[PDB]
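*Asks:*
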Amino acid sequence: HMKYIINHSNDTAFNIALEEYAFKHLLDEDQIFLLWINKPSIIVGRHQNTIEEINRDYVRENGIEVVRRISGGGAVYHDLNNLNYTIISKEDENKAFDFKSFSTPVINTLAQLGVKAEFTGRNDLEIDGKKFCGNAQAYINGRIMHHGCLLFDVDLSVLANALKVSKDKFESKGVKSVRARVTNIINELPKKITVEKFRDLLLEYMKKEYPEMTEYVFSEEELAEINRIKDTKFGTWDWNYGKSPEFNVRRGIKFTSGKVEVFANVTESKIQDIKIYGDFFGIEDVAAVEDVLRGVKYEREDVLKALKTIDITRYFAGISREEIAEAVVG
Numbered sequence: 000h001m002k003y004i005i006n007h008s009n010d011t012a013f014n015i016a017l018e019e020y021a022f023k024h025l026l027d028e029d030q031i032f033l034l035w036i037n038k039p040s041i042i043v044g045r046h047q048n049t050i051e052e053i054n055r056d057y058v059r060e061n062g063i064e065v066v067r068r069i070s071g072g073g074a075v076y077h078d079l080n081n082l083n084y085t086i087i088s089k090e091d092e093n094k095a096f097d098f099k100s101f102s103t104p105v106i107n108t109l110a111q112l113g114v115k116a117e118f119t120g121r122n123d124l125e126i127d128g129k130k131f132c133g134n135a136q137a138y139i140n141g142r143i144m145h146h147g148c149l150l151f152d153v154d155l156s157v158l159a160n161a162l163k164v165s166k167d168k169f170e171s172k173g174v175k176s177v178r179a180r181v182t183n184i185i186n187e188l189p190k191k192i193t194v195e196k197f198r199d200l201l202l203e204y205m206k207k208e209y210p211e212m213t214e215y216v217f218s219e220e221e222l223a224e225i226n227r228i229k230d231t232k233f234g235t236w237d238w239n240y241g242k243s244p245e246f247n248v249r250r251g252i253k254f255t256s257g258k259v260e261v262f263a264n265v266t267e268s269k270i271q272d273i274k275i276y277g278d279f280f281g282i283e284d285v286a287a288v289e290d291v292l293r294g295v296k297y298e299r300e301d302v303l304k305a306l307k308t309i310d311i312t313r314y315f316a317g318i319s320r321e322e323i324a325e326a327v328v329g
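The numbers in the deposited numbering rise by one with no breaks, and the one at position 132 of the sequence shown is 131.
1) Name, in chain order, the residues that DSSP records as bridge partners for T85.
2) Taking the alpha-carbon of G62 as reference, which of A161, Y276, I4, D284 has the nearest alpha-carbon?
3) With a threshold of 8 Å, are at least 3 pairs of Cβ atoms found where one atom belongs to the stretch 274-285 and the other to the stretch 311-318?
4) Could you tell me the distance, in whole angstroms, from the CA atom of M212 to the CA atom of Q30?
5) From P244 to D167, what distance separates their C-alpha atoms?
6) Please list the terminal residues of the continuous beta strand (DSSP E) segment that includes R299.
7) Quick check: the Cα distance between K274 and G251, rounded to an integer number of angstroms?
8) DSSP puts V75 in a beta bridge; with which residues?
9) If I measure Cβ to Cβ from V194 and keep anything under 6 Å in the same chain, skipping five residues before and after, which residues do I get?
10) Only counting runs of 3 or more residues, tell me where the beta strand (DSSP E) segments fall wholly within the stretch 90-178, in order along the chain.
11) Evaluate the contact criterion for the stretch 107-123 versus the stretch 38-49: three or more CB pairs, one atom per stretch, below 8 Å.
12) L149: which of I143, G141, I318, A135 sits nearest, CA to CA?
13) Rounded to whole angstroms, what is the Cα-Cα separation between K190 and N239?
14) Roughly how many angstroms separate the alpha carbons of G329 and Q271, rounded to a whole number?
15) Between which two residues does the alpha helix (DSSP H) containing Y20 stretch?
16) Looking only at its chain, what residues have a beta carbon closer than 7 Å to the beta carbon of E19, apart from the 5 residues adjacent to it on each side?
17) Should the stretch 256-264 be called in touch with the stretch 219-235, which here means at least 3 C-beta pairs below 8 Å?
18) Roughly how many angstroms lie between the CA atoms of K89 and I143, to the nearest whole one?
19) So what's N48 in DSSP terms, helix, strand or just coil?
20) Between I126 and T182, which are expected to be in contact by the criterion C-beta below 8 Å, what is the C-beta distance as a whole number of angstroms?
21) For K23, collect the residues of the same chain with a Cβ closer than 8 Å to its Cβ; drop the 5 residues on either side in sequence, then sort them by chain order.
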């Protein structure tokens, strides 16, 4: 049960709904691959405090969509020259279909085109030391998604104009990360082609690599369900931005591997409710950490103790339990 999906819409909210539908709803297909393209868009991480990150007037003046995705991390700019990829797989020790496995097809497609690309660390591809691809992983029970962006000819100047600096205070508790080197594929190609051509060469490669893989074609009924998810999630303010929580405490700390913003309601010296925002990356939803902290004593020691009962690396990559405790409580 290995499939690809062809989706040529540029409707950001529709596209993201369709990807989620494949990830969460096409459970009889063990491996799913797709390539797709959004119109100009700021895509925000699953836990970002959207209202405090977006330049409202810029995105409005310029017609840019704002949609929250279902993986962690920070804000990303999409345009018609940003090629999105999606790799979905049933969790199975005896069969790996993931970013690593896609990376060879990308490298080889590019080598056909006269371009030497390299797989660096874990979650990016490079050309001459410059990153043109950035991967992120999401995990639900028994199912893994690796998804990301291939920079084909993106306008790299827009993001900085579309984002703002919050007036809310953050303690800056570390050093800042080094500025990465990025490039667009089109600039590295000896001969010019379009992003659509590149997309189709990649798919043609995938088909050659996996002769088993056939097209999954959505029925009218599935398309309806997909649009329902668009109408109730990715097309809504409640999802993309969302309601403020009940809180009598707010804290904010910027760590090297991410900003962490904590809104806690503390009653009778205990965590009555808590909600955590930020641009930290974790493979799984931070709700699980909120859940373990609820009813805990609002003291550093007790919060820390609770955090040592879970795998912190699933939720905050590169940030320690001690650091998260500090974000939660003084």
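Backbone N, C-alpha and C fix where the C-beta goes; we use that ideal spot for every residue, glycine too.
*Replies:* Straight from the coordinates:
1) To locate residue 85, count along the sequence shown from 1; it is residue 86. For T85, which the question treats as bridged, DSSP gives the partners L33, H146.
2) Here residue 62 refers to the residue found at position 63 of the sequence shown. Per the Cα distances, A161.
3) yes
4) Indexing the sequence shown from 1 puts residue 212 at position 213. Indexing the sequence shown from 1 puts residue 30 at position 31. When rounded, the distance between both Cα atoms is 9 Å.
5) Reading the sequence shown from its first residue, position 245 is the one you call residue 244. Reading the sequence shown from its first residue, position 168 is the one you call residue 167. Looking at the two C-alpha atoms, the distance is approximately 16 Å.
6) Here residue 299 corresponds to residue number 300 of the sequence shown, with the count starting at 1. Counting along the chain, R299 falls outside any beta strand (DSSP E), though it belongs to the alpha helix (DSSP H) covering 299-306.
7) The sequence position of residue 274 within the sequence shown is 275, counting from 1. The sequence position of residue 251 within the sequence shown is 252, counting from 1. The straight-line gap from Cα to Cα measures roughly 12 Å.
8) Position 76 of the sequence shown, counted from the first residue, corresponds to residue 75. DSSP, once it has assigned bridges, lists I42 as partnering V75.
9) As a first step, residue 194 must be located in the sequence shown, where it is residue number 195. The answer, listed in chain order, is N80, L82, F151.
10) 116-119, 123-126, 129-139, 142-150
11) no
12) Translated into positions along the sequence shown, residue 149 becomes position 150. The option with the nearest alpha carbon to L149 is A135.
13) What you label residue 190 is simply residue 191 of the sequence shown in a count that begins at 1. What you label residue 239 is simply residue 240 of the sequence shown in a count that begins at 1. Cα to Cα, the separation comes out at about 39 Å.
14) Numbered from 1 along the sequence shown, position 330 holds the residue referred to as residue 329. Numbered from 1 along the sequence shown, position 272 holds the residue referred to as residue 271. Straight-line Cα distance between these residues: approximately 17 Å.
15) The residue given as residue 20 occupies position 21 in the sequence shown. Note, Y20: alpha helix (DSSP H), 11-24.
16) Counted from its first residue, the sequence shown places residue 19 at position 20. Once the five neighbours on either side are set aside, the close Cβ partners of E19 are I69, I228.
17) no
18) Residue numbering aside, residue 89 sits at position 90 when the sequence shown is read from its first letter. Residue numbering aside, residue 143 sits at position 144 when the sequence shown is read from its first letter. Approximately 6 Å between the Cα atoms of the pair.
19) Counted from its first residue, the sequence shown places residue 48 at position 49. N48 falls in the coil class under three-state DSSP.
20) Residue numbering aside, residue 126 sits at position 127 when the sequence shown is read from its first letter. Residue numbering aside, residue 182 sits at position 183 when the sequence shown is read from its first letter. 6 Å between Cβ atoms; contact.
21) For the purposes of this step, residue 23 is identified with residue 24 of the sequence shown, where counting begins at 1. Only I139, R142 meet the Cβ criterion.
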